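Colleague: quick check, what structure comes out for this input:
(chains A, B, C, D, E, F, G, H and I, ligands or ions: 5)
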Amino acid sequence: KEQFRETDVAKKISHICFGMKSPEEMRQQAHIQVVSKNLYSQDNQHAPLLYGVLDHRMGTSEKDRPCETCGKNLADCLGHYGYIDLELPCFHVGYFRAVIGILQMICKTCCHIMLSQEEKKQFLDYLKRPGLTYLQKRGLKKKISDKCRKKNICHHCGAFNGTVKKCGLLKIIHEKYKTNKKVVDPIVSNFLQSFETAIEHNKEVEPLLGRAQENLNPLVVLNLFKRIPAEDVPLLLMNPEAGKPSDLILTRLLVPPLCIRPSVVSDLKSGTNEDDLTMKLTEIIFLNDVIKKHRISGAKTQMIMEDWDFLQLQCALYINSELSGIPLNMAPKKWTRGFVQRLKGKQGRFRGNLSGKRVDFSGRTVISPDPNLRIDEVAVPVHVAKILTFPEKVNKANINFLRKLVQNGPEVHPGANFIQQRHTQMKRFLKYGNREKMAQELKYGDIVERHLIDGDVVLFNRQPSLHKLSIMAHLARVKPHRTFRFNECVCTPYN
Amino acid sequence: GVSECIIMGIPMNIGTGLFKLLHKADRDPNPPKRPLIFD
Amino acid sequence: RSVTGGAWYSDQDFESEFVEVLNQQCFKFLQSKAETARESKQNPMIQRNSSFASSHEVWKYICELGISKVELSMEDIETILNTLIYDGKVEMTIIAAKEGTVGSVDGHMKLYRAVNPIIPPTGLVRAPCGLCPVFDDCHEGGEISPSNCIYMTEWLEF
Amino acid sequence: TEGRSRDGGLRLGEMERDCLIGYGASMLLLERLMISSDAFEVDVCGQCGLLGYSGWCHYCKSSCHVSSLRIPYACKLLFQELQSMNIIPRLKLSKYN
Amino acid sequence: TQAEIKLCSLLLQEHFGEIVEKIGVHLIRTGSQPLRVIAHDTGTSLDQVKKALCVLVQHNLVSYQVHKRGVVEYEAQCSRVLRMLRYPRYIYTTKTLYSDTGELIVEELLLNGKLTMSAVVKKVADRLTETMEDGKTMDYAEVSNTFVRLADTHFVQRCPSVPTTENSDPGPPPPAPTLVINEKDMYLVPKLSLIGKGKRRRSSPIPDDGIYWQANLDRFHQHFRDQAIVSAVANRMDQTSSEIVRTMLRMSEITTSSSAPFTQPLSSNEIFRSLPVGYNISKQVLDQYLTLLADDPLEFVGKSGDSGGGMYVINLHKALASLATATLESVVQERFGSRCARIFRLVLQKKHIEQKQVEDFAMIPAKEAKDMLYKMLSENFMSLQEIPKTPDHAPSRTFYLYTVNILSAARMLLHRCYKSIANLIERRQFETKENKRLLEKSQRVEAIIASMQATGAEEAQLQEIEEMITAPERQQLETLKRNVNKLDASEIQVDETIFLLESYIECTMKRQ
Amino acid sequence: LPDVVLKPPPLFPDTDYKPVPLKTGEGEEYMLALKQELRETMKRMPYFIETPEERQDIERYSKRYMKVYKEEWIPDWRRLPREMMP
DNA sequence: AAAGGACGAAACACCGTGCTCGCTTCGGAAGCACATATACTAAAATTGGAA
DNA sequence: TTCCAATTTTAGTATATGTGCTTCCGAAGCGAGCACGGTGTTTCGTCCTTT
RNA sequence: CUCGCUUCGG
Ligand SMILES: Nc1ncnc2c1ncn2[C@@H]1O[C@H](COP(=O)(O)OP(=O)(O)OP(=O)(O)O)C[C@H]1O
Ligand code: SF4
Ligand SMILES: [Zn+2]
Ligand SMILES: [Zn+2]
Ligand SMILES: [Zn+2]
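Modeller: Residues are numbered from 1 along each chain as shown, chains lettered A, B, ... in the order given. Ligands and ions are numbered 1, 2, ... in the order given. Now the structure:
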């Protein structure tokens, strides 16, 4: 007849498993693909474009237009992601160092890690112990990196492995064909002599034949990371369940929901206030379209690589808006807020919205002395007490008291501002309707938002807080004046 | 840790959250079981 | 001829049709010569030598054909044969010949012969996944999956 | 919001949180920083560890493992920003028992 | 090796089951591990772990080694699990080279992994009694003759043998017997005087005990490489050259190992005398063939000596590189057209080259050669050299040179082939799963005929099998069958490209 | 400047090159038939360990009639390490 | 002074393109501070060679 | 055959370029908001020549 | 509204 499904379980978060998403998983998670670089439609209504940025299938950011994925308003919409396909793979700046590290660990030809079998077994045994800590993992990664950089030839395929270093910005160079002051290897001589046709057609190649090492563009790095054996992935200290080496190079961008990027319709002019993320995404999509157009139209290799570098730089700025090795001609003109900027700083999420955040049901007033109050009491102005409400639950003890409070209404000081019914959660404003009937219909379990009355425990604080006694709980007593008053003997803790 | 408890919006382990409270309800643990006739 | 003109460029337009017809005619001539050499079966050395065609000889044959009005130099046909070599259908060897009816390169003459491909098309290209343009995005569970793949649908239906 | 002109509320700064921690008042700290400021109820899929909507997980295309969970809204914003940064936070839920 | 892991998972699930494919995949993904940690990580019972490990080690898919404190650790051979896909080719090539008796021998060896010679001859005789009829019995003598003929040609090899316990450390038994391999008795068949006749499935102490045999896949790979080289040279020059090089490789088979840059050199006179007499060829014709092949710009063979008349050697690694190059150019041509293949061959012959030089040498108009070059760059078919004028590596002040690296492109193509075969198997399994309902319905209606075939078999059950609604569904059944046939054929034929690429990749490694 | 696109590109973009037709001959069809035979025969092989069915509803007199019977191969424990005996 | 056909201009969308007309061009670092990796350099050890 | 001399190899060990930080609220207000360069198209007003 | 900048208060 009816299937038994559990309504709600008191689920508690146990732990957070950090990780990475492969390009396939990004498409699976996302709802739509963003391909239009424009934002609004041509018509004067300026509705957001379809399959472009600000599409309301990615949530909503305006109180009037609901989300298209889930038919809910701005208050209830959790937001939904989209995905943007990149024509050319680009290095993830946040993982760039990691990429370099991994490129140092493994062979550049057979993709195996630079470790002997005995050292492999030893490191696996050391990693297999239970209770491995984050510091232990970092130390093991450092030791393995040192011992891998000790070697120079491959025990698996025999290919030479030179040094891998960061040249320029977001570019990796592998010194495969290093100069040998001693007798030269056949490989380097063959590589040097393979430039015969290029030298014949371009003489300038010959003076610059030196310093011509292997360049690991994101395509080659992605291809190499796709061929790393899964056995050696734990030896890179990377959790196989969390992610894979191929995930370090991004080919899809998860464009965030509209809730992260609010848009303000400033109808006073013909424009809107948009955050930096939307403009960065617009520029990235424009660059993808430009690269595709250049590939179609047969452009030079120099400008193709320039557009690829521009796309990499734009992705890095979208992730982190404060980089160092930016070329002066490639430097941004103005200042944009990347995700790192939104996270770090005194106004970031952690310090400005997570560790310490603004609250309601609070007030801030000038103080004046009052010696006639006990040291555990504080005088609250009548005006503030009429605003700061306490939700008192109707029980068998305070029913006759809450009835009188409801009868008084929101104007007389001992009284209430709202009534929340037990069965239906529809709040009732006490300024309207017959208050006597509402008082006569007070059921047990109803919530009455009573005014702050005498005896209520109230926190009292001086904002420059040095020690724990800078904030204390007092008992509120309502007084006709407009200042917070307390006994002067309590001045010394608050300073 | 305390900071992650604050971020996740869960009661922190230190302070009043170290212990757990039980209700001294009128009860009988391991109540008598109705016998099975067919088995 | 480099900065302007050229036997291929006509009014700042590359002639794809002209080069295609040149490739077809040269390859047909080389294939016919190789077929005649194989059918001769007189001796393997003589068979291979007769299958060989000089650049001057094929240039004279092309001039006899006279497909286009523009005069084609010997090195023009040499470049056409080089493109045919890059197509994997003909093979060139530089032999030692001090002087003769060609006399082009000092002591060396280039002989071209139509040669069969090494192997038939590989097994990889016989499957749609080997030619799929969205092979990177293919995944077991997702929008692009082998279970619902259109390419194999058309391929099996065909 | 921030200011009096915008009818903003007062701010529990980092040191206020530190003083509340020093007192050991866990329940009041939770009520002030979660219940009274940015309380929210999200839907988390217990299988993939990602955030769902309206009791449904689009990633898993299922609704069996989706469970409601109380959380500060700023934490949800942080999780979504981290997901956009390819730093995927996967939540392994459990019963409160 | 994620594609390799997926393909191994599919093969093990199709061939052995589920509780065993999980163990195989875990071993491949995590490497060598002791039994208890495998059981703990997999999450299944210890008995199932033991059954999976023993059934895997029976087919030589995994091996066990001893370590410190006498712990036994099991490591899987991913290459062997991938070689499992070549079983139809192994059976077909042993049926081509020998009689059907050898075909059945190799089939039993592959289906059982390890077997004794008495067991294999008994099974082959039992199966062959069904092929013939009219009371003819299958004797063990001819089966043993075919088995020893396979053994001397190195197609079947003895499994590693446990050392004698009494002579080697008599006392406490080790956790693992530490099987070692001896090349003296590697291909020595035992003397088994017992003979017999296979039973006709009427359904109404071992002299060679401890001597286990298996299929030597290395010999099959060497034979396949010889076949590929012979076919290539036949396509190049003539069938006469193919026969000449086939005879040279046949002579080289025994005297050389499976991995050498060059084989043992041969003289002209021994090639002439070893050639089949069916070819009316004189000594000077053979010398002409040898010297004209020696001048081939493919360098299949080489002189490498003057003594004994025409002294010649065969270049194996050069031939494999040429075959890999041909495979790469063929896949490029079939995926992007003949013009793109022209560009690919141009940039292969010229080691480094630029866009303008490519356009000048290919006679391909601009905006199309550049587009095809960018397309091939997007698929890792070539890499840019990017010689910089300054260490800043700015694009405006550097030269970009196109260059095809055969090794990296071959590895990419092998990975793509692995994923392609995985996708083909997935599609076949999906179609089978979705049509299993009609499969069961048709199995039932055809088993109505299959049941009571002769006993109590009235004719009134022949006009009602097609009476049910399965008749209009037979078209869907036929489509399913032809789709499965085509998918299996393509899966088999991609294995040839996989073999060529894998051989080229293996022969370019040093394993130092 | 590149044009703006109103709809995302098709999920499976079309290709003007089609896969080469499969190789044909007696040998290739023999390979196909042999592979199908191996599929059909190696599932019934005792090496193919099936998932153990469990949770029998009831015991019945028909169980003995429906009891699945299959010959089991005996591993050579001399080569196999000692830990895998049942 | 009241006309009106054609011409000219001027003011607002519009797309190629990237906030600077032309390609340049400065200064200052803000301080206290723990990382880095480069380049060096140096010694010590091992192997080749005179006696 | 073996003591000295030379070369290499790696390792360690000092500076010097990078990245990273720098009190807690609170309150007003003033600015200014992405663009602008030139190009085209449309609309409107008036230099003569006409009642 | 967002952002920055200043001036305050303490
Ligand atoms: N920047 C600030 N940070 C924290 N608290 C502050 C700050 N500025 C002012 N205050 C508050 O004001 C108080 C400072 O007063 P204090 O310095 O003790 O007397 P004063 O200002 O020197 O007066 P006299 O000059 O002595 O008459 C203490 C503190 O709570
Ligand atoms: S399954 Fe379909 S989409 Fe995936 S690689 Fe094969 S043909 Fe392409
Ligand atoms: Zn929504
Ligand atoms: Zn290697
Ligand atoms: Zn989920």
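Colleague: number of residues surrounding the closest residue to residue E:401 other than its chain neighbours?
Modeller: With Cβ to Cβ, 6 or more residues apart in numbering or on different chains as the criterion, residue E:401 has its nearest non-adjacent residue at 3.9 Å, and that residue is residue E:385. Placement of C-beta: from N, CA and C, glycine included. Using other Cβ atoms under 10 Å in any protein chain shown, the number of residues around residue E:385 comes to 24.
Colleague: tell me the contacts of residue E:385?
Modeller: Residues near residue E:385 by Cβ atoms under 8 Å, 6 or more residues apart in numbering or on different chains: A:212, A:215, E:352, E:400, E:401, E:402, E:403.
Colleague: can you rerun that using 6 Å?
Modeller: When contacts are counted by Cβ atoms under 6 Å, 6 or more residues apart in numbering or on different chains, residue E:385 touches E:352, E:401, E:403.
Colleague: and which of those residues is nearest chain F?
Modeller: residue E:403 (25.5 Å; Cβ to the nearest Cβ).
Colleague: check contacts around the closest one.
Modeller: Residue E:403 touches E:352, E:383, E:385, counting by Cβ under 6 Å, 6+ apart.
Colleague: from residue E:384, how far off is it?
Modeller: Per Cβ to Cβ, to the nearest Å, residue E:403 is found 8 Å from residue E:384.
Colleague: for the closest residue to DNA strand H within chain B, give me phi and psi.
Modeller: Nearest residue of chain B to DNA strand H, counting by Cβ to the nearest atom of the strand: residue B:6, 14.9 Å away. The phi/psi pair for residue B:6 (degrees, to the nearest 10) reads phi -60, psi -40.
Colleague: OK, contacts around it?
Modeller: By Cβ under 6 Å, 6+ apart, residue B:6 has no neighbours at all.
Colleague: where's whichever residue of chain A sits closest to ligand 3, which helix or strand?
Modeller: Proximity of chain A to ligand 3 (Cβ to the ion) peaks at residue A:67, 3.0 Å away. Per DSSP states H and E, residue A:67 falls between elements, in no helix or strand.
Colleague: same question, residue E:340
Modeller: Using DSSP H and E, residue E:340 falls in helix E:338-349.
Colleague: next one: residue E:475
Modeller: Counting by DSSP H and E, residue E:475 is part of helix E:470-507.
Colleague: could you say what helices and strands that helix packs with?
Modeller: helix E:316-336, helix E:406-434, helix E:436-450, helix F:26-42 (3 or more Cβ pairs under 6 Å, 6 or more residues apart in numbering or on different chains; DSSP states H and E).
Colleague: what comes up buried for it?
Modeller: Buried residues in helix E:470-507, defined by neighbour count with 16 or more other Cβ atoms under 10 Å in any protein chain shown: E:470, E:480, E:483-505, E:507.
Colleague: helix E:316-336 and that helix, what's the angle between them?
Modeller: 140 degrees (axes from the mean of the first three to the mean of the last three Cα atoms, to 10 degrees).
Colleague: what's the angle from helix E:470-507 to helix F:26-42?
Modeller: 100 degrees.
Colleague: gap between the residue in chain C that DNA strand H sits nearest to and chain E?
Modeller: Taking Cβ to the nearest atom of the strand as the measure, chain C has residue C:12 as its residue closest to DNA strand H, at 24.8 Å. Distance, residue C:12 to chain E, by Cβ to the nearest Cβ, to the nearest Å: 12 Å.
Colleague: what about that residue, distance to residue A:72?
Modeller: Separation of residue C:12 from residue A:72 (Cβ to Cβ): 61 Å.
Colleague: between the two, who's got more neighbours?
Modeller: The neighbour count for residue C:12 versus residue A:72, taken as other Cβ under 10 Å, is higher for residue A:72 (15 against 7).
Colleague: tell me which element the more buried one is part of?
Modeller: Counting by DSSP H and E, residue A:72 is found in no helix or strand.
Colleague: what sits closest to residue C:81 if chain neighbours are left out?
Modeller: Of all residues not flanking residue C:81 in the chain, residue C:112 sits nearest, at 5.2 Å (Cβ to Cβ, 6+ apart).
Colleague: so the one you found sits against residue C:92, correct?
Modeller: Yes. Taking contacts as Cβ atoms under 6 Å, residue C:112 lies within contact range of residue C:92: 5.0 Å.
Colleague: who has more neighbours out of those two?
Modeller: residue C:112 (26 against 18).
Colleague: what separates the residue nearest to residue E:325 when sequence neighbours are not counted from ligand 3, distance-wise?
Modeller: Of all residues beyond its chain neighbours, the one nearest residue E:325 is residue E:406 (6.3 Å), with distances taken as Cβ to Cβ, 6+ apart. Here residue E:406 is placed at a distance of 51 Å from ligand 3 (Cβ to the ion, to the nearest Å).
Colleague: what's around the nearest residue to residue A:89 once chain neighbours are set aside, how many residues?
Modeller: Nearest residue to residue A:89, sequence neighbours excluded (Cβ to Cβ, 6+ apart): residue A:218, at 4.0 Å. When neighbours are defined as other Cβ under 10 Å, residue A:218 has 24 of them.
Colleague: kindly report the same for residue A:410.
Modeller: 17.
Colleague: which residues touch it?
Modeller: Residue A:410 touches A:417, A:430, A:431, counting by Cβ under 6 Å, 6+ apart.
Colleague: please redo it, this time with the cut-off set to 8 Å
Modeller: So residue A:410 contacts A:386, A:416, A:417, A:430, A:431 (Cβ under 8 Å, 6+ apart).
Colleague: show me the strands in chain D, by range?
Modeller: D:39-45, D:51-52, D:66-72, D:88-95 (DSSP state E).
Colleague: what strand or helix carries residue E:81?
Modeller: Using DSSP H and E, residue E:81 falls in helix E:78-83.
Colleague: what's in contact with the helix or strand that that helix is followed by?
Modeller: Sequence-wise, the next helix or strand downstream of helix E:78-83 (DSSP H and E) is helix E:87-97. Taking contacts as Cβ under 8 Å, 6+ apart, the residues outside helix E:87-97 that touch it are E:102-103, E:105-107, E:110, E:150, E:155, E:215, E:217, E:220, E:223-224, E:492, E:495-496, F:27, F:30-32, F:34-35, F:38.
Colleague: just the buried subset of the residues you listed, written out for ChimeraX, thanks.
Modeller: To isolate the buried members of these in ChimeraX, using 16+ other Cβ under 10 Å:
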select /E:102,103,105,106,107,110,150,155,215,217,220,223,224,492,495,496 /F:31,32,34,35,38
